[PDB]
């Protein structure tokens, strides 16, 4: 899965920012959130989020939903490595399994239940 953030900032610079931010906010996990390709859904003003490690994915759904102004009638799916993470998992658990080598967790969001559809 492609992230514009990774295309626009090179790896070394991302990695050195990730080191600084894990040290500054050790209790929080750094999350890059981006709209999935071909998604038909509100745009997200900002990509970079610091979130408590014990926040659940379900709770993160609520936070993102509100920022894109979705009615609870509308659907929202997260993807991490092309896979919908469990709603009950915590962002800390996601980070440990799926952080990337720049120390960031990458989450794509979409209105469709399959990434890239």
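Numbering follows the first chain given and starts at 1.
**Report entry** Mean temperature factor over C-alpha atoms, higher-scoring stretch between 81-89 and 63-71
**Finding:** Per the PDB record, 63-71.
Query raised in the report: Higher mean Cα B-factor in the deposited model: 28-36 or 43-51?
Result: Taking the mean B-factor of the alpha carbons in each, 43-51 is higher.
Report task. Tell me, lowest, middle or highest third: where does the Cα B factor of residue 112 rank within its chain? Result -> Middle third.
Query - B-factor third for the C-alpha atom of residue 13 within its chain - result: As the PDB entry reports it, the C-alpha B-factor of residue 13 lands in the highest third of its chain.
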